[PDB]
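Next up: just one chain, as structure tokens, the form deposited in one PDB entry.
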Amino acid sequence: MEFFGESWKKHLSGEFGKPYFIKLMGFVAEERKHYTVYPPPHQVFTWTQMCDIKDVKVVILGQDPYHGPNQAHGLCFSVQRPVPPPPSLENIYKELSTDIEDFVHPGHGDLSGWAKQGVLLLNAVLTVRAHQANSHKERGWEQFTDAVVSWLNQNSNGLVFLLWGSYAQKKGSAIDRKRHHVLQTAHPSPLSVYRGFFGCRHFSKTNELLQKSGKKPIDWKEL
């Protein structure tokens, strides 16, 4: 065991030598000497430690990670006991309460339970300097995570991709929109959520597309 799960290391290690990646791993080191970066070094790739890459079924992609203390733990939008759900997570559950029937507020914000079933919880960018949104954008993450969308797009079928916000949506042009199912919408944040997120029914539409495909529906209450 270690920061990457083995099944992803296998299909990603090829970025490890490319200069944009030597550079980015250097850049964020400098950030950690001089500010607090979220998440902390060992949590940055938690999105790999949840299931075998070939077991992935849904991809929920966000902007970047949470940037308040003790929040971002590598799984997009997720937060760990004790931490309370942030607005974006509070909101999410709201859509789920009216989109999905049986679903009731989990009482905590830890979303590991989904990523075990095959939901890749990712953000376009994976680090954030404290208290400043998208602060680590255009630094070489987007390209690395593109390897991650590329590989799925290449080596899997009938994946549901859920693209939350203007920034997540940028991966869109790289997905085969026939091979896969791309559901795009306004980012769950209170700064936006009215732009479409509430009413988007992204959770139910996922299962719908998953069952027609012989695959198992994601059990969203399983948190």
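Here, rigid core means the biggest group of C-alpha atoms that superpose within 1.5 Å across both forms. Start at 1 and count along the sequence shown; that's the residue number.
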Given 118-126 and 76-84, the range whose Cα B-factors average higher in the PDB entry: 76-84
Using the temperature factors of the C-alpha atoms in this entry, rank residue 143 within its chain: lowest, middle or highest third. lowest
In terms of the CA temperature factor given in the entry, to which third of its chain does residue 57 belong: lowest, middle or highest? middle
Using the temperature factors of the C-alpha atoms in this entry, rank residue 172 within its chain: lowest, middle or highest third. highest
Consider only the C-alpha atoms of the modelled residues in this chain, order them by B-factor as the entry records it, and name the third containing residue 91: lowest, middle or highest. lowest
Among all modelled residues of this chain, ranked by Cα B factor, put residue 22 in the bottom, middle or top third, i.e. lowest, middle or highest. lowest
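What comes next is about the form deposited in another entry, which does not appear here.
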Which residue of 94, 137, 116, 108 is the mover here, meaning its C-alpha shifts by 2 Å or more between this form and the one not shown once both are aligned on the rigid core? 137
Residue 33: after superposing the rigid core, is there a C-alpha shift of 2 Å or more between this form and the one not shown? yes
Is it true that residue 67 shifts between this form and the one not shown by 2 Å or more at the Cα, once the core is aligned? yes
Cα displacement of residue 128 between this form and the one not shown reaching 2 Å, rigid core superposed: yes
